[PDB]
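> here are the coordinates; sequence isn't available:
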């Protein structure tokens, strides 16, 4: 069996010194009825 | 610069752009660059970085899709071109050289030459009566 414990993300990018990139992620649905 | 003499390089991590440089050094100093005698012999002498030559080599290597093993971990800086100008007649002599596969001792940590050397030359003419055939 497998269940998700946690997640994180990483972006190969360049960013301005004090640029706060703004984006968001969301889950639509998941298998196994969690 | 690959020039064999450095430039100032800086970041100012305040704005989004940050980097700046100053090319303080235009040429490597302490190279005997003109020879003359007051009789009328005089020369212009020219000199170039091994890293620059290797960049040319690497450009061709990847144009061939070949693999870079020109193992020479140091930008030595070396003779490239010279002109000898006759002060009297105003004619002159052009001679130039190139070289490839700069070479190094990975155990003794020492120079091992070049795989290939090349020379070219023509006069320059006060004269179209002389077509050069270089």
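Noted; the coordinates are in hand. Numbering: from 1, shown residues only, chains lettered A, B, ... in the order given.
> okay, now residue B:52: neighbour count?
Neighbour count of residue B:52, defined by other C-beta atoms under 10 Å in any protein chain shown: 17. C-beta coordinates here come from the backbone N, C-alpha and C atoms, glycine included.
> with residue B:62 instead?
11.
> now for the strand or helix carrying it, which elements pack on it?
Taking DSSP states H and E as the definition, residue B:62 sits inside helix B:50-63. Applying 3 or more C-beta pairs under 8 Å, 6 or more residues apart in numbering or on different chains; DSSP states H and E, one finds that helix B:50-63 contacts strand B:77-86, strand B:92-105.
> chain center to the shortest one, what's the gap?
The chain centroid and the centroid of strand B:77-86 are separated by 10 Å under C-alpha atoms, centre = their mean, to the nearest Å.
> let's have the helices and strands packed on helix B:50-63 in JSON lines, adding distance to residue B:15 and mean neighbour count.
Output for these, formatted as JSON lines (distance: least, C-beta to C-beta, whole Å; neighbours: other C-beta atoms under 10 Å in any protein chain shown):
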{"stretch": "strand B:77-86", "distance to residue B:15": "36", "mean neighbour count": "16"}
{"stretch": "strand B:92-105", "distance to residue B:15": "40", "mean neighbour count": "16"}
